[PDB]
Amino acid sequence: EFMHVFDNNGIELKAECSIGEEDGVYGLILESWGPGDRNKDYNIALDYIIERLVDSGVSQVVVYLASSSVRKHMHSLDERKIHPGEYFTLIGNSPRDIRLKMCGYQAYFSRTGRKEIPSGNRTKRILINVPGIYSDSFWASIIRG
């Protein structure tokens, strides 16, 4: 029922995802890692996604916190946007370093709202949007590799 991210050799990663419209935004949902081994390839998969997005000519995305807890308690979509600006930039560093920065922002969320000091898990359910992209074919080629 879930799709998955595949590595550069075409092997399926432990990283569930899905493509579609959620809360009015079209894009890729990456499921959370945990407990134990559930989606344990989250970071690897996310590095591949960033790398392939950059390769396809995408330089900026919008990323929203999409956990059940945050969707329930934070009704504003603008507040679920994990990064302070309108967009998050994918170029200017390695896919890994870009990912570290992207996921660092996830640590500013608790179950019920934002924190002052960031802490905790950084492998949460997230929605990634590429402005102007409304089609599953584009996202399909990103996760397929």
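Numbering starts at 1 and runs along the sequence shown.
Set 61-69 against 107-115 and average the Cα temperature factors; 107-115 ends up higher. With 85-93 and 24-32 compared on mean CA B-factor from the PDB entry, the stretch scoring higher is 85-93. Placement of the Cα temperature factor of residue 139 within the chain: lowest third of the modelled residues, per the deposited record.
The PDB entry assigns residue 101 a C-alpha temperature factor belonging to the highest third of its chain's modelled residues.
Ranked by C-alpha B-factor against the other modelled residues of its chain, residue 130 falls in the middle third. Looking at the C-alpha B-factors along this chain, the one for residue 17 belongs to the lowest third.
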